[PDB]
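Student: Quick one, what's the 3D model for this:
(chains A, B, C, D, E, F and G)
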Amino acid sequence: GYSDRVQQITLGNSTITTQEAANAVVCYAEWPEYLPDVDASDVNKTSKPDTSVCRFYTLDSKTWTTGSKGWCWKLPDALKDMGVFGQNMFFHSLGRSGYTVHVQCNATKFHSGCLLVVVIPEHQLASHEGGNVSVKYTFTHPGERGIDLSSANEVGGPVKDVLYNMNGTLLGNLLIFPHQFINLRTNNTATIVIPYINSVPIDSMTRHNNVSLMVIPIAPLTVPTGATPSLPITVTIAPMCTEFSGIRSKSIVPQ
Amino acid sequence: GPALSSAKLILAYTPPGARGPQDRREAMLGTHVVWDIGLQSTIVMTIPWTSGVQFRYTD
Amino acid sequence: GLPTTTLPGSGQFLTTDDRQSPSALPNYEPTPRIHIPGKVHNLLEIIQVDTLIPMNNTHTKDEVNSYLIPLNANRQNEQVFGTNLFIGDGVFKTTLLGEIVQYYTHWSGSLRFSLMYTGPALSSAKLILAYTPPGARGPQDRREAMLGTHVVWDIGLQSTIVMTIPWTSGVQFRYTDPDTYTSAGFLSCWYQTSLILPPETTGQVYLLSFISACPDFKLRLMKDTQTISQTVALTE
Amino acid sequence: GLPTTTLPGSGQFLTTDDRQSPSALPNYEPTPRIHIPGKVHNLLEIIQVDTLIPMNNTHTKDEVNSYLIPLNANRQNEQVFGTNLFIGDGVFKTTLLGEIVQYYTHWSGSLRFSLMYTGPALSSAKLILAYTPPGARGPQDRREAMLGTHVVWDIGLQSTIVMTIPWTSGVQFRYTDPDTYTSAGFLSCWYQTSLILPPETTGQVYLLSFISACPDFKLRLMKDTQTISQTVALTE
Amino acid sequence: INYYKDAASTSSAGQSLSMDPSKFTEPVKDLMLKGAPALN
Amino acid sequence: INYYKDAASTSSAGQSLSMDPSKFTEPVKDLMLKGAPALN
Amino acid sequence: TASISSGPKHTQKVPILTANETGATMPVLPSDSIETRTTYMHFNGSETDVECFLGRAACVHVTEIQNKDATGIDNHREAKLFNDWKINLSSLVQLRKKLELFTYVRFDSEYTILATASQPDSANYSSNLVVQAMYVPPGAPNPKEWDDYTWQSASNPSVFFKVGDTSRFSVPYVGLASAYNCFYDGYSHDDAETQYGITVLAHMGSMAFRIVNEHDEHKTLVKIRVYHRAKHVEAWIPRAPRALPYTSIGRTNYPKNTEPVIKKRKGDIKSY
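Tutor: Residues are numbered from 1 along each chain as shown, chains lettered A, B, ... in the order given. See the structure here:
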């Protein structure tokens, strides 16, 4: 009586149940694991807070309306302030982590709409100015708020044009990245497990984000007659196999 | 609720030492379960024994 | 001193030749490799992942909406969409498949075309997808369409339908840049019965459509893509 | 006559290639080698010998005094010296380590920083040395400093203390010429308790400081040093 | 025959002949069998 | 393959792979053990 | 080894109905939905190997230097008496789009340098010039005049070849990390104004060119073309191909008021 459909994920002191899942994706078919010695470089023993950092943090909720263009969060940024995960983050020189991402959106059998939930490794954004204008730090570190693709261009911020993925590629091809759809008629959640993907064994958690999670409405939300025209979307994310190394004074970052 | 409705609730247990949570952000950092309302009608949350002292007073 | 003779071609530089060269950095030790998920070995590995087709090309500036094929409730007998199968041009051209095919001169193989339905769960519909092999015109009505490769799709719990355009061909390779002799057919879709919405519901519903290549597929003779060009060198 | 084809690069002179050549002096017999103590095989052998760092760089013309870090009696909580760790520049630059690092583009490894105390034997002191890994600012007070790599040094019979800056890094190589992304941290030193001089004694005492590389160390991709140049050829 | 000492100086590599699209085409956690229902 | 008769005409030598810093880093007459006191 | 024979089907086992919401592309074949006959592949997929795809020489840079009397020139660099180039693979777009199909890439480089001379104004003859190309790693003294001590290049690899000829040598993978980042969503430090995206993670050195010859009576323009061929390629994490035009080395930025990249139908959705 197991269905692909019902699932339970327990991680730390927190549990999620979905009764309307559509399997789960594990990026590149690899599950998060700690850093092996053969791959290690820094000689420091690392710190593995385990259950105090590897639990589920639910970010603040978004509201899908007929005019929504899509939202974008960066990792580990989105979690920069969650509990002890965040403290560890500002206090060590280097850290490394994988995540379980669970995006939630329920409706009824009269609604229609379909969101794309995708994880993009190394999502370098484009400046809407063109040329070689850079995208300032603050703009690519929105924190739990994430970036709202239907917000206005700002100065020093990225471009927010959806048919171009914020980088000069077409929305249609985002499907080459680990992703899952939430089609109100099928699905009510999306779950993706992200292994740590980098060109170095461990890195800085503040100067470099290693994935952007993106939720994009593709088939517009259509509510039943005289229904309220909107649904909330909630994102809950859990660091998994986290390791921190090179402890010290506590980083100070712009803004 | 009617069978054709849907809902997602979070239940949170806050262990001794902090105040009753004031918003979900605060609540979600302690013992919690996201409940997805479905065919299976009930959700069973456990308040695991979190304690220094091994017995508490009933009063 | 050993006697030699040099042949025609001596001193030429052929950008495609593969020979040994002296290393400028004798004895240098590269950084160790660490493990990174995701290694690609063949472009054939990636063109099997499906991506969305902007089938609804009828707009005037690129929009999220050209990915949506609309469906109308209560129409009978009528046609949902049509396209030829020049995978290197037209709707296909910006898709990952289209985009890679363009790095090669010839392609052969089967294509997989699937449609995912997004209408309310309490609605229902039966569509027919038809592949018309080279030699006939794009079908003009379902009767015409239904006499070639087709699948009646019944919209249900299972949200997507995967149609295969089996390789139908005299010549074993076709050109990726559109060519007549080498042309592959048409793909059309019609109401088999009709879309029906539940009460309290209204308007258009949309289908999303994807394209990817079957394991069947072959691409050969690499060349340059018409999809990118430039007028002055870029700088930092 | 055997048929050949010559490739691109024929006739070039690459200063780094290694091939055979005819000897101009056929059959000549070189002088026998005799034994000489001191043979060097790797530059890695010599960068492990420690040499003095002109830490006290604050003078205006080079002087023996910039090798001396002064210490003041009776100060509490305060800071003895500070420096970033760009081994290819600044204090490090003229040291043997600094001087060799400059022949290579990349370095990786642990550094050994030691301090030898020279104050009267009847004095005493406790200092803290702190290494701050990349990512934070140079510490501004001991509290800040003590939260990173540190050693409380107790001045005793044993005159020197050897602090190691363990390799703390994401990227496995850093640039020897100072670069941000690639930067290595800061090194600071503060009074842990304070220097105390015996009676009949007065003034400043000094620490000498050395730097050498741990056996850990790697240097790669040789290049030319900014440390030497010229405007006309020399003559006899 | 390599005429040169360093590995960078050798010619092009030889075909992976590796080929495994499943990391890209089927990264699902619970295995899907073709023919069995997608969602149970 | 050497094509030439004299030894000077051969290519560069090959890595010492000798490496022993102790003549430079520890030329002391009585052996010092790390961990034992420097001066007894 | 392409299609097996398959006949009529009337089953309860439907391989063509799937749920794309799952993120998988189910491996459906012609034989799951029509009746097929056996056929063999006759093909291996050799020429789509990434080593093959990135393994041919591409032009990566065209520069130019001239041989002329430097007498009274206050700025050789500025007179093109000599010229440097910080190596890149993202300035001419053909090879760039190919590499950016991947996120991280690792390979050895083989460079070919073609140099041809031009004599746009009245010369009695064509002189024969020798070019010197010096590889200048970050931290080395940089040439200031066309005949500085720098050109001694006692520790820095340099090649001397003749104009009209070609020079060829190969450099090992010089990246600092395990792979070169084709993309980097980071900064060099948490600065509020530091540059975004451009990184040393990509840095491949830099190269300085000059003519060794002193000047003749006429002037001679020498134009340098650098070609780059990847050998021993390793690529990870495929990405969506580049759709809009490029504007800058190292940023993803596209131009404003660009044109629709998807071709509009001449007709209906229903059109053929």
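
Student: Show me the helices in the chain, by range?
Tutor: In the absence of a named chain, chain A is used. Ranges of helices within chain A are A:83-91, based on DSSP state H.

Student: Switch to chain E, please.
Tutor: Assigned by DSSP H, chain E shows helices spanning E:22-25.

Student: Kindly report the residues of it close to chain A.
Tutor: E:22-24, E:26-30, E:32, E:38-40 (Cβ under 8 Å from any Cβ of the partner chain). From N, CA and C alone the C-beta is placed, and that goes for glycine too.

Student: Mind checking which of these are in strands?
Tutor: Assigned to strands by DSSP state E, none of the residues of chain E next to chain A qualify.

Student: Closest one to residue D:37 out of these, please.
Tutor: residue E:23 (59.5 Å; Cβ to Cβ).

Student: list the contacts for the closest residue to chain A within chain B?
Tutor: Chain A sits closest to residue B:38 of chain B, with a gap of 2.8 Å, by Cβ to the nearest Cβ. Residue B:38 makes contact with A:6, A:19-20, according to Cβ atoms under 8 Å, 6 or more residues apart in numbering or on different chains.

Student: So which of those belong to strands?
Tutor: Judged by DSSP E, strands contain none of these.

Student: ok, of these, which come out buried?
Tutor: Among the contacts of residue B:38, those that count as buried by neighbour count (16 or more other Cβ atoms under 10 Å in any protein chain shown) are A:6, A:19-20.

Student: restrict those to those near chain F?
Tutor: Among the buried ones among the contacts of residue B:38, no residue is within reach of chain F (Cβ under 8 Å from any Cβ).

Student: can I get those in TSV with distance to chain B?
Tutor: Listed next are these as TSV, based on distance: Cβ to the nearest Cβ, whole Å:
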residue	distance to chain B
A:6	7
A:19	3
A:20	6
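
Student: wait, which of those residues is closest to chain C?
Tutor: residue A:20 (10.9 Å).

Student: What ranges does the chain have for its strands?
Tutor: Picked chain A for this. With strands called from DSSP E, chain A shows them at A:7-11, A:14-18, A:25-26, A:57-58, A:62-65, A:71-75, A:92-104, A:112-121, A:147-148, A:179-183, A:189-194, A:211-222, A:230-247.

Student: ah, I was thinking of chain G
Tutor: Counting by DSSP E, the strands of chain G are G:17-18, G:58-67, G:82-86, G:102-118, G:130-135, G:158-162, G:166-171, G:180-181, G:206-211, G:220-238.

Student: Could you export the strands of chain A as a markdown table, including distance to residue G:243 and mean neighbour count?
Tutor: Output for those, formatted as a markdown table (distance: least, Cβ to Cβ, whole Å; neighbours: other Cβ atoms under 10 Å in any protein chain shown):
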| stretch | distance to residue G:243 | mean neighbour count |
| --- | --- | --- |
| strand A:7-11 | 36 | 15 |
| strand A:14-18 | 35 | 22 |
| strand A:25-26 | 24 | 25 |
| strand A:57-58 | 34 | 24 |
| strand A:62-65 | 26 | 17 |
| strand A:71-75 | 18 | 23 |
| strand A:92-104 | 26 | 24 |
| strand A:112-121 | 15 | 26 |
| strand A:147-148 | 20 | 18 |
| strand A:179-183 | 18 | 25 |
| strand A:189-194 | 24 | 26 |
| strand A:211-222 | 16 | 24 |
| strand A:230-247 | 27 | 22 |
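
Student: so which of those comes closest to residue B:10?
Tutor: strand A:57-58 (6.9 Å).

Student: Please name every helix or strand in contact with the closest one.
Tutor: If you count contacts as 3 or more Cβ pairs under 8 Å, 6 or more residues apart in numbering or on different chains; DSSP states H and E, strand A:57-58 packs onto strand A:230-247, helix B:24-28.

Student: Now find how far off-centre the longest one is within its chain.
Tutor: The chain centroid and the centroid of strand A:230-247 are separated by 7 Å, computed with Cα atoms, centre = their mean, to the nearest Å.

Student: Briefly note if it comes near chain B.
Tutor: Yes: looking at strand A:230-247 against chain B by Cβ under 8 Å from any Cβ, the contacts come from A:234, A:236.

Student: who's in contact with the closest residue to chain F within the stretch 1-150 of chain G?
Tutor: Among the residues of the stretch 1-150 of chain G, residue G:135 lies closest to chain F, at 18.7 Å counting by Cβ to the nearest Cβ. Listed by Cβ under 8 Å, 6+ apart, the contact set of residue G:135 reads C:24-25, G:156-158, G:171, G:205-207.

Student: Surely residue B:15 touches residue B:32?
Tutor: No: using Cβ atoms under 8 Å, residue B:15 is not in contact with residue B:32; the gap is 11.8 Å.

Student: Look at those two and report which has more neighbours.
Tutor: residue B:32 (24 against 13; other Cβ atoms under 10 Å in any protein chain shown).

Student: give the contact list for that one.
Tutor: A:13-15, A:56, B:10-13.

Student: Let's have those in CSV, adding distance to chain D.
Tutor: Shown next, in CSV, are these (distance: Cβ to the nearest Cβ, whole Å):
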residue, distance to chain D
A:13, 28
A:14, 29
A:15, 33
A:56, 27
B:10, 35
B:11, 38
B:12, 33
B:13, 34
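
Student: Can you tell me which of those residues is closest to residue A:223?
Tutor: Of all the contacts of residue B:32, residue B:10 has the smallest distance to residue A:223: 24.0 Å, by Cβ to Cβ.

Student: Could you give the bridge partners of that closest one?
Tutor: Beta-bridge partners of residue B:10, counted by DSSP bridges, are residue B:34.

Student: Centroid-nearest residue for chain A?
Tutor: Centroid check for chain A by Cα atoms, centre = their mean gives residue A:213 as the closest residue, at 3.3 Å.

Student: pretty sure that one is touching residue A:75, no?
Tutor: Yes: at 6.6 Å, residue A:213 counts as touching residue A:75 under the criterion of Cβ under 8 Å.

Student: Could you measure from residue G:205 over to chain D?
Tutor: Residue G:205 sits at a distance of 8 Å from chain D (criterion: Cβ to the nearest Cβ, to the nearest Å).

Student: How about the backbone phi and psi for that residue?
Tutor: Backbone geometry at residue G:205, expressed as degrees, to the nearest 10, gives phi 100, psi -160.

Student: Enumerate every residue touching residue 34.
Tutor: Just going to use chain A. Contacts of residue A:34 by Cβ under 8 Å, 6+ apart are A:48, A:241, A:243.

Student: Wait, chain E was what I had in mind.
Tutor: Residue E:34 makes contact with G:15, G:26-28, G:32, according to Cβ under 8 Å, 6+ apart.

Student: Swap in 7 Å and give it another go.
Tutor: Residues counted as contacts of residue E:34 (Cβ atoms under 7 Å, 6 or more residues apart in numbering or on different chains) are G:15, G:26-27.

Student: same question, residue G:211
Tutor: The contact partners of residue G:211, by Cβ under 7 Å, 6+ apart, come to G:65, G:67, G:129, G:131, G:222.
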